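Observations on the three-dimensional arrangement
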Amino acid sequence: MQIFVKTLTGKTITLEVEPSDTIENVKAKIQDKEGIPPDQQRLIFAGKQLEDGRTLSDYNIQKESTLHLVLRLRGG
């Protein structure tokens, strides 16, 4: 199934995923497309932060759903 990720600057990315895929796997696909490391990425769906050890089906994410990406800043 296809899903959409929106960034804080106005960008929408389209990803091909399976319901059994883990959040850590979704972050790895974003790193491949945009070069953002998984430790600096935060994913939000319906106001809830998604955990790396859970899957897309655990949060009831369905086809054409929109997730939000937030970037963290450690030091500096």
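Scoring rules and cut-offs
- Residues numbered from 1 in each chain as written, not as in the entry; some residues may be left out.
- Heavy atoms only, no water.
- Helix = DSSP H or I, 4+ residues; strand = E, 2+ residues; numbered from the N terminus.
- Buried < 20%, exposed > 50% of the residue type's maximum accessible area, 1.4 Å probe, protein only.
- Contact = heavy atoms within 4.5 Å.
- UniProt positions renumbered as here; feature names shortened; annotations may be inferred.
- Pairing = 2+ DSSP bridges.
- Axes fitted to C-alpha atoms, helices over the stretch in contact; angles between N-to-C directions.

- Method of determination, as annotated in the archive: solution NMR.

**Things to note about the environment of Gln31**
- Note on placement: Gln31 falls in helix α1 (residues 23-34).
- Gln31 sits in the partly exposed class, given a relative accessible area of 35%.
- Taking the C-alpha atoms as reference, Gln31 lies 9.2 Å from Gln41; in sequence the two are 10 residues apart.
- Apart from the residues lying within four places of it in its own chain, the contact partners of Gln31 are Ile36, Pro37, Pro38 and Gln41.

**Brief notes about the UniProt feature "domain: Ubiquitin-like" in the chain**
- Under the present numbering, the feature "domain: Ubiquitin-like" in UniProt falls on residues 1-76.
- Taken end to end, residues 1-76 comprises 16% helix and 30% strand; its first and last C-alpha atoms sit 39 Å apart.

**Notes on the sheet that holds strand β2 (residues 12-16)**
- Taken in spatial order, the five strands line up as β2-β1-β5-β3-β4 in an open sheet, and their pairing is mixed. A strand with exactly one partner marks an edge of an open sheet, and here the two such strands are β2 and β4 (48-49).
- Its contacts with the sheet put α1 on β1 (2-6), β2, β3 (41-45) and β5 (66-71), and the angle it makes with β3 is roughly 120°.

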